[PDB]
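[1] below: the sequence, then the experimentally determined structure.
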Amino acid sequence: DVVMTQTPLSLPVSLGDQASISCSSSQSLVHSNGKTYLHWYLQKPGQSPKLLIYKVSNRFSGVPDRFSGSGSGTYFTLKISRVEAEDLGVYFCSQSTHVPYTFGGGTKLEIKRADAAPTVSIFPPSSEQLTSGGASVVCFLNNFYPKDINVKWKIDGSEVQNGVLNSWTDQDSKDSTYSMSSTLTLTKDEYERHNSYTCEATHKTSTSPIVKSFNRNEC
Amino acid sequence: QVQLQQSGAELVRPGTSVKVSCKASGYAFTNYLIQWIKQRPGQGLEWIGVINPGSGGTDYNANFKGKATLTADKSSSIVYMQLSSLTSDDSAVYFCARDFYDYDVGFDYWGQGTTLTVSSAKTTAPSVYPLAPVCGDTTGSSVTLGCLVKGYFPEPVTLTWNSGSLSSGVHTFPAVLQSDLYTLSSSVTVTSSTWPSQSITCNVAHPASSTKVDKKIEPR
Amino acid sequence: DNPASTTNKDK
């Protein structure tokens, strides 16, 4: 089918340095008419893929000279000359010389910025939710770096292991940082027969937990 | 101004079939081949088929022969994809893209992607709550607060701050899934005194149940 | 030389 192959699976890279994705094919990608039709695509997180280079080496419009494609016959490599924040994404290589048109695996370009530490914000359960039989303590650990962060909730001085529900962002385009929501959902009552709440993160920026904490006796 | 514009987001019972549409504006429709690609969500893309709108000519991947059937309307520049006989496995994002006819020079400009969720479940509309900053605040440096979109099925839901104008500062998180239903959260960091002062509303749309909610973050 | 609508003239 023209088994497409990209390497690396992931590419940790730093702002300003070179980056070089590589893609190789099972068949010769040069179609009889003489043209190698291997194309490279970028899918930023959440957006839809956009075209970067189209016949092997020629760039699509409005596409910085930092990007260049190159290669021959079964071997094509893509290069970013000085990586920038806006190049976060997965890069796809694909062939359209042979039907079925096949795509690569995708290489995940990861930016490798200097550290950052979280902006933890506790949120007590709103009054619309406490009306309806359940309450939820929400927490947002923001703009951090690097992504291994650890969150432990403690209700009134003790560790809670339940109905805990973490969501993690993708590295940020404009500033290369990760982020996280941690939601604890209680019943109304198990919210209410307790007075203290604590969201605590473990990291590298600080040896101590970045404890934020609040008390049910809100008024 | 070259826009390829897709159908939306759909919840489908297994065994059912779907017509996703891709609508083109701004270019000469028939000067370009429309190509349909699938994507399961955290993985590579795969090709599904080709239609030439001006001639009616359809070609497909063999994995999709007889599942997919591509049709185009010349009278009003829409191209369609009918997925027949649905199953768990067809839950994916399906894009379409334009391919020039006289010369292959890549898949030019792609639509937004229709997210199609195949499932036996019932839709449930989300109850939005306002997430308001605690007491000992309105200070330091900037100000945080948020939106909790709890209790819903199917994804997608769309959150927005001040209808788009509050655009720098957000962090909409990937919606996690607890028991058969979704909890989407989202935060914003305003300047330490501009939210009390002037104004912020979470706007949420759950298009698949027609539920739309405007909830303002109010100080407690 | 020339076979289908589905294919770029190019090819």
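    Sure thing, it's come through. Numbering: from 1, shown residues only, chains lettered A, B, ... in the order given.
[2] contacts and neighbour counts: CA atoms only from here.
    Noted.
[3] near chain B, which residues of chain C show up?
    Counting by CA under 8 Å from any CA of the partner chain, chain C comes close to chain B at C:5, C:6, C:7, C:8, C:9, C:10, C:11.
[4] closest point of chain C to chain A, which residue?
    In chain C, the residue that lies nearest chain A is residue C:11 (6.5 Å; CA to the nearest CA).
[5] quick one: contacts for that residue?
    Residue C:11 makes contact with A:31, A:33, B:103, according to CA atoms under 8 Å, 6 or more residues apart in numbering or on different chains.
[6] burial measure for residue A:77, as a count.
    Burial of residue A:77 is recorded as 20 neighbouring residues (other CA atoms under 10 Å in any protein chain shown).
[7] now swap in the one 10 residues further on and tell me
    Counted with other CA under 10 Å, the burial measure for residue A:87 works out to 19 neighbours.
[8] how much space is there between it and residue B:131?
    Using CA to CA, to the nearest Å, residue A:87 is found at 33 Å from residue B:131.
[9] so what are the structural domains in chain B, by residue number?
    Chain B resolves into domains spanning B:1-120, B:121-219 when parsed by curated CATH domains.
[10] please identify which of those domains is closest to residue A:129.
    Residue A:129 sits nearest to domain B:121-219 of all the domains of chain B, at 6.7 Å, using CA to CA.
[11] pull up the distance across the closest one, start to finish.
    Using CA to CA, one end of domain B:121-219 lies 37 Å from the other.
[12] quick one: it near chain A?
    Yes: applying CA under 8 Å from any CA, one finds that domain B:121-219 is in contact with chain A at B:129-135, B:144-145, B:171, B:173-176, B:178, B:185, B:187.
[13] from the chain's centroid, how far away is that domain?
    How far domain B:121-219 lies from its chain's middle: 17 Å, per CA atoms, centre = their mean, to the nearest Å.
[14] residues from chain B in reach of chain C?
    Chain B has residues B:33, B:50-52, B:55, B:57-59, B:100-104 near chain C, with proximity defined as CA under 8 Å from any CA.
[15] so which of the residues you listed sit within strands?
    Per DSSP state E, strands hold the following members of the residues of chain B next to chain C: B:33, B:50, B:51, B:58, B:59, B:100.
[16] how about the residues of chain A by chain C?
    Within chain A, the positions lying close to chain C (CA under 8 Å from any CA) are A:31, A:33.
[17] and the spatially most central residue of chain A, what does it touch?
    The centroid of chain A falls nearest to residue A:170 when counting by CA atoms, centre = their mean (2.5 Å). Listed by CA under 8 Å, 6+ apart, the contact partners of residue A:170 are A:45, A:178, A:179.
[18] which strand or helix spans it?
    Using DSSP states H and E, residue A:170 falls within no helix or strand.
[19] next one: it from residue B:190, what distance?
    The gap separating residue A:170 from residue B:190 is 21 Å, by CA to CA.
[20] quick one, domains of chain A?
    If you go by curated CATH domains, chain A breaks into A:1-113, A:114-216.
[21] please name the nearest non-neighbouring residue to residue A:100.
    residue B:61 (5.9 Å; CA to CA, 6 or more residues apart in numbering or on different chains).
[22] same check on residue A:107?
    residue A:9 (4.8 Å).
[23] give me the distance between the one you found and residue A:16.
    Computed with CA to CA, the distance linking residue A:9 and residue A:16 is 21 Å.
[24] now swap in residue B:210 and tell me
    In this view, residue B:210 and residue A:16 are 46 Å apart by CA to CA.
[25] more neighbours, those two?
    Between residue B:210 and residue A:16, residue A:16 has the larger neighbour count (other CA under 10 Å), namely 12 against 8.
[26] what about the residue nearest to residue A:100, neighbour count?
    Neighbourhood size, residue B:61 [other CA under 10 Å]: 16.
[27] then residue B:53?
    Here the count is done by other CA under 10 Å, and residue B:53 has 24 residues near it.
[28] try the one 3 residues further on
    Applying other CA under 10 Å, we find 15 residues neighbouring residue B:56.
[29] contacts only, for it.
    Neighbour list for residue B:56: B:71, B:72 [criterion: CA under 8 Å, 6+ apart].
[30] ditto for residue A:186
    A:134, A:135, A:136, A:137, A:163.
[31] what is the three-state secondary structure of residue B:196?
    When classified by DSSP: H, G, I helix; E, B strand; the rest coil, residue B:196 comes out as coil.
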